[PDB]
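Trainee: sharing an experimental structure here, sequence included.
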Amino acid sequence: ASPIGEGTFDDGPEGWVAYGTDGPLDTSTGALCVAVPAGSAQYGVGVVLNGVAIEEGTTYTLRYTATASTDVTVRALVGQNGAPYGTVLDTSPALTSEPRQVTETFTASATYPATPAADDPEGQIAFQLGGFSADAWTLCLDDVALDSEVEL
């Protein structure tokens, strides 16, 4: 029904959550900056955001600017959690001291409903911040949108 907001992290993380890190997320600037603790291997750290609007094979556009104090290249994408499952995003979120904006229109070949139920965790976003940067680093995204067909 409702997406996350065309251009998030512009004052608050909204719902984006990050596990395997220190305290909650930190923004206060206009970019969701999660603190990745060194040695973030093993179990692996990451960030998930439940609340997406995808259906069957529809068109979409992911736009986010991630930047890690270090040159870390983790994994980022999307999928469904709660049947019928199905991932449509498969890329590598590169990061570094410089800003790493991202812009690409992919055809969500799945369906991310919005029903917060026990056996129905709906679909969300998966950020694998584990098994990538050895030393300590972090991720700073900003303005993450994803809608089907939009002005241009």
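Mentor: All right, it came through fine. Numbering: from 1, shown residues only.
Trainee: where do the strands of the chain begin and end?
Mentor: Using DSSP state E, the strands of the chain run over residues 17-19, 33-36, 45-48, 57-59, 62-66, 75-80, 89-91, 100-104, 107-109, 123-129, 137-140.
Trainee: which ones are touching residue 116?
Mentor: Residues in contact with residue 116, defined by Cβ atoms under 8 Å, 6 or more residues apart in numbering, are 50, 122. Quick note: C-beta positions are derived from backbone N, CA and C, even for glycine.
Trainee: what's the neighbour count on residue 105?
Mentor: 13 (other Cβ atoms under 10 Å).
Trainee: that one touches residue 63, doesn't it?
Mentor: No. With contact defined as Cβ atoms under 8 Å, residue 105 and residue 63 do not form a contacting pair (9.6 Å).
Trainee: thinking again about what came up before, can I get the strands of the chain in TSV including mean neighbour count and distance to residue 4?
Mentor: Converted to TSV, the strands of the chain look like this (neighbours: other Cβ atoms under 10 Å; distance: least, Cβ to Cβ, whole Å):
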stretch	mean neighbour count	distance to residue 4
strand 17-19	19	12
strand 33-36	24	16
strand 45-48	22	12
strand 57-59	13	17
strand 62-66	20	11
strand 75-80	20	12
strand 89-91	14	14
strand 100-104	13	15
strand 107-109	17	15
strand 123-129	23	9
strand 137-140	24	16
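Trainee: okay, these in CSV with distance to residue 151 next?
Mentor: Formatted as CSV, those follow (distance: least, Cβ to Cβ, whole Å):
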stretch, distance to residue 151
strand 17-19, 30
strand 33-36, 29
strand 45-48, 28
strand 57-59, 13
strand 62-66, 13
strand 75-80, 22
strand 89-91, 22
strand 100-104, 14
strand 107-109, 19
strand 123-129, 23
strand 137-140, 27
